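This report concerns only the one structure given below.
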Amino acid sequence: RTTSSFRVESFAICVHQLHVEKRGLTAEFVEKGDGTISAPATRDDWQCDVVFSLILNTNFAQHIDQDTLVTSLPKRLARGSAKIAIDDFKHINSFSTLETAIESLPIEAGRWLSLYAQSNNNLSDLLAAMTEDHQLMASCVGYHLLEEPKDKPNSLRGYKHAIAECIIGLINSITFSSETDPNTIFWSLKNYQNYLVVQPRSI
RNA sequence: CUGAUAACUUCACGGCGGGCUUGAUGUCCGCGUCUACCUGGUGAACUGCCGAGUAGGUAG
């Protein structure tokens, strides 16, 4: 919206805290359909608490700002909130060498993330790898189309609408000691013509 | 341009009653520590005088 050549091109995730539990999401009153105003149906949820930090390898070989690099932050991550601090606005900096860039993180108790490139043809493949480690996570890394896709009338932002599935994957721990190349970090989106899987740029 | 957009789980509460861990016991025998060692103040802060004085004062 200010300089239209940003081109972020990748990102890198560093999970410092993780906490999952059941909390319950109270939905609010709707017009039911017979004559009354009550709440909709009840479910259970699962809510999380992520303290993380990001490395971004863009192409913009120039300083950004100090002020509008705060005003341009979004405020949500998977239905959540996204705040930092007042006094952590002095650790936001840009660099041109990614080995001094992991020195700028003022916490030093984290973990990095990659993808586990071993075959997982059923559920029994994962749990065997999940009982040798008990430190690996699974999530949805991409989608999987059922359609070419097609132009449907009330599609959201009017673009082109398909119908997708979810792609399970496996998430790993990395220390980045002195030798792990960054291609196992810095993930992207590659568009393999029927599935939009996010994987790092080493594969 | 995020399984997208919005979202109050709340009110009340007496864990209680009673209680014998006991009896018995041999840690002992032997034993070589030793040899050899430089701490270095030149002359340097000297001589009277009063007072009975190992006290006290006083001169250049």
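Brief remarks follow.
- Where a residue in the range A:77-95 is closer than 15 Å to A:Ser53 by Cβ and without any contact (Cβ under 8 Å) to a residue 40 or more places away in the chain and its partner, wherever it lies, is hydrophobic (A, V, I, L, M, F, W, C) and within 10 Å of RNA strand B (Cβ to nearest atom), with Cβ under 7 Å and at least six apart: A:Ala82/A:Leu73
- Checklist (1) assigned to a loop (DSSP other than H, G, I, E, B); (2) within 15 Å of RNA strand B (Cβ to nearest atom); (3) closer than 30 Å to A:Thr100 by Cβ; (4) not charged (D, E, K, R) applied to A:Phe52, failing item: (1)
- Residue in the range A:146-173 that is farthest from A:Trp112 (Cα to Cα), counting only those that are surrounded by 14 or more Cβ atoms within 10 Å (Cβ to Cβ) and β-branched (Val, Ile, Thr): A:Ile167
Here is a yes/no grid of residues against (1) surrounded by 10 or more Cβ atoms within 10 Å (Cβ to Cβ); (2) over 27 Å from A:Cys48 (Cβ atoms); (3) basic (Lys, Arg):
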| position | (1), (2), (3) |
| --- | --- |
| A:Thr71 | no, no, no |
| A:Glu99 | yes, yes, no |
| A:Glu103 | no, yes, no |
| A:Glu108 | no, no, no |
| A:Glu132 | no, no, no |
| A:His144 | yes, no, no |
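- Matching residues, the range A:2-41, being among the basic types (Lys, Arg) and touching a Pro at 6+ places or on another chain (Cβ under 9 Å): A:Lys32
- Here A:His63 fulfils each of the conditions (1) under 22 Å from A:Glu9 (Cβ atoms); (2) in a strand (DSSP E or B) apart from (2).
For every residue, the table says whether it meets (1) out of contact with any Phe, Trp or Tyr (no Cβ under 8 Å at 6 or more places or on another chain); (2) polar (S, T, N, Q); (3) over 26 Å from A:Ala109 (Cβ atoms).
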| residue | (1), (2), (3) |
| --- | --- |
| A:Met130 | yes, no, no |
| A:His134 | yes, no, no |
| A:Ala138 | yes, no, no |
| A:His144 | no, no, yes |
| A:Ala162 | yes, no, yes |
| A:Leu170 | no, no, no |
| A:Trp187 | no, no, no |
| A:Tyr192 | yes, no, yes |
| A:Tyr195 | no, no, yes |
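- Selection status of A:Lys83, among the charged types (D, E, K, R) and within 16 Å of RNA strand B (Cβ to nearest atom): yes
Readers should treat all values here as calculations from the given coordinates under stated rules, not as data from a laboratory. With ideal geometry, Cβ positions are generated from the backbone for all residues, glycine too; neighbour counts draw on all protein chains shown.
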